[PDB]
């Protein structure tokens, strides 16, 4: 019986906790991707930095969701965080594809949450998602798409050379 | 037959004028709360300042609603402003509870207006409420909730001491 | 039995509360005048700004009266605030005449309060009114008089042109 | 089969391309209005500048729509741009009325697009329109309304004098 | 019967309006080229920026022609703007070739206009074209020629790698 | 068969991965503690900030371990992250005791790792632990001990008052 709770569905509260777990798992996957590219037998600093930055971005994501949960009077409930799907992530193209699939999953979860909020007529939740999540995802997915396109353009018999050039000329280091 | 009016329901126009009266009444209640705590036999400067600041916040609220009314081609209609519910507001906890109830009433009025706008398919009104009102209310109610919790933690046989400490260590002065 | 009260008549206390209501009502009238001139079918920004500034001036007026009430040990008592006399205020000359009548009413109320204080031999009240109210009113009424004179000079068959020029060349925008 | 496309209706994609053509046509109309008032036999610099600035505003509009189209995975499709409705635009009042009608058409197209997005449950599109278009239109239409009101106030037997004063005292030059 | 018109042929006036339409169409083609390279499945930022900058350059071109038309007493006449020749522009080399052909067309139109002005003994028109157009075109065509040469040097079995390197090392981003 | 691996036991490699999981779990517990104290019915900002800062500290811990793992040629292996032991953490004293027990567990794990490294004669590992972990833990545990002592000193019948004062006067906010 939270003293501040108003127009906040128990369904949305539960969905927010689920989304928090999804972001914790996503941040975890990027942590893994980040250090994989830091291995001496992979060594692509720009790629490592790219994923480590995304791990931080997802952390800000669940921290923002957690803050909002408390602002609305909801109660945070944490569950085990599932380990990443892979121990090794292949080459840059393979890793970027995995990252892309992860973002699409996150984006669908955000869209599902927004639809749920809309169904429960919760304009504050809608505004929150639109302001801090929806466009951020679209921009990120667009960026990954651009990266995949350039990596594919740099593929072929000399993909190794291409992978090196991409990390050196497109990614920050 | 306003030359600029477009997709602005007469129902929303009326609801906006009603909301303006609600904010005028809210600002009035905070003016009363502000000076009550300025009385020599109450003397809690931090509490007085807290409510006087909220009176200013509600004023900005109705001024923004009034500006929007004109931007949409609506016409402002003013009614008598009902005096505050109390002449004396008790102790800090009692006043904060009254303030909390007032904000919840304001917030429900905002949610009702948003639902009305949604029913009349008025995206500009929705955007306006989400940008300048909805989150402001949630943050304020959360803050009042935190205050009530600390005041309750400082209650008991030495509530007087607690009330003094709260005004001195939590509220601005 | 206020511990600080000294030489403060219950009559003056009551008159101060009445004056506070008069100023709240005056500020309300200027709020209405301000937004009326902000209407798309009136659109005289300089005039709107002129009245909105006066609304702020009257607010400072009742806030000062309220502060003084507490300094003297009096107790603020609020009543309903009567809505403005008009929903639409006509043209600049009509609005300025209404504003002038309002200020003369306020000024007479201040003079009546001063006479009451003088009759109850309350020099602090007298000093308060002379320092923060009496000259402010005289200057404002003089200014409105000057405005009415120029508006009358700009009247006639081309009053519309005159009204535009006055707002553009005399009023701030 | 865009690799980044997610929750983006082919209907919205098509409507966005249509809206882009509408903005290209609007920018074109303002280009025409801008130079018409630059003619030696019209010569109203402030009016010319007003419309030339709007031409730039509409350009930013279609460029933003185009950028969003690509962010969502949609594909830009361009069509012929219809020439302006008039070769000569009359006097300031006539031109401002045409501009007003154009903005109302643009605004209705934006509202129609928003309704379409809402029907296809596309919160990103909604957020995009609310953030960069809806309020911009309302403010602009309000401004044009104010201009028409002042121009009408300056009309009559000495409309020429009025038109000159308006360009000199209200419009930037 | 323009009061300022002097030594300005109706033929040149007409040719200037035609050239304005040609530049509007050119700017339109570059807008299309610009966003095509912004597609997630093309993603060559440097190329996108190159063409978007040219779209701005052509806009300045027709705006300058329009200004001159009015300075000479001529009257601007706008026609429909034909859509770009292609919806998709292929790879960087294909797009640059299209851009080159477009510039050569523009340049021939400028040379034709200059010859017309020379035939009508209009030294002001000649000076105008030489000062703001002729050398700008020559420099641009030279630059595109250099680009095509480098792109051809980077062609072959690993053209994809070449295209990426060109965008990264020659074009601005 | 890492090309850089030298004097790095597979046992230490495994223990480092285990320790990384322990730190991930610790950071998770502090995230939970942090937001629990952010609840409107707990509301102790200084306490919330204290734990949120520790969550960041543990993150830096596992990131440093991960970096070292790669520097030595080891391979990071991630496992599920167990959720925190409690959903609600009681009062400040209860939470600080839990935090203290957690740090002692972490410290014992560090001491066990150091003993393992010593047994495998790995001076680099020893130096790493001494430089970035051992003293940091001792200082933190000392600090928590001091906090528990002051909280106990502030206990009794007016523990609520004590808890408020501690958060206000000892913890940062």
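Should a chain be cited, it is by its letter among A, B, C, D, E and F, assigned in written order, with residues numbered from 1 in that chain.
Methods note: a residue touches a chain if its C-beta (ideal position, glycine included) is under 8 Å from a C-beta of that chain, and two chains touch if they have at least 3 such contacts.
Protein names from UniProt, one per chain: A, B, C, D, E, F = Ferritin light chain.
In terms of C-beta pairs in contact, the better-connected of the chain pairs D-E and B-F is D-E. In this entry, A-B is the pair from A-E, A-B or A-F that repeats the interface of A-D, since more than half of their contact pairs coincide by residue number. Chain B and chain D, compared by their mean Cα positions, are separated by 37 Å.
As a whole-number value, the distance joining the C-alpha centres of chain C and chain D reads 43 Å. Computed centre separation for the pair chain A/chain C is 58 angstrom, with centres defined by C-alpha atoms. In this assembly, the C-alpha centroid of chain B lies 25 Å from the C-alpha centroid of chain C.
The multi-chain contact residues of chain C, meaning those touching 2 or more other chains, are 40-41.
Across the interface of their complex, chain D is touched by residues 100, 104, 107-108, 111, 114-115, 118, 126, 129-131, 134-135, 138-139, 141-142, 144-145, 148 of chain A.
Chain contact summary for the complex, chain A toward chain E: residues 142, 145-147, 149-150, 153-156, 158, 161-162, 165-166, 169-170. On chain F, the positions that touch chain B within their shared complex are 40-43, 45, 158, 160-161, 163-165, 168-169.
Interface residues of chain A, counted against chain B in their complex, comprise 2-4, 6-7, 70-73, 121, 123-124, 126-128. Interface of chain C with chain B (complex): residues 2-4, 24, 28, 31-32, 35-36, 38-41, 66-67, 69-70, 73, 75-84, 87.
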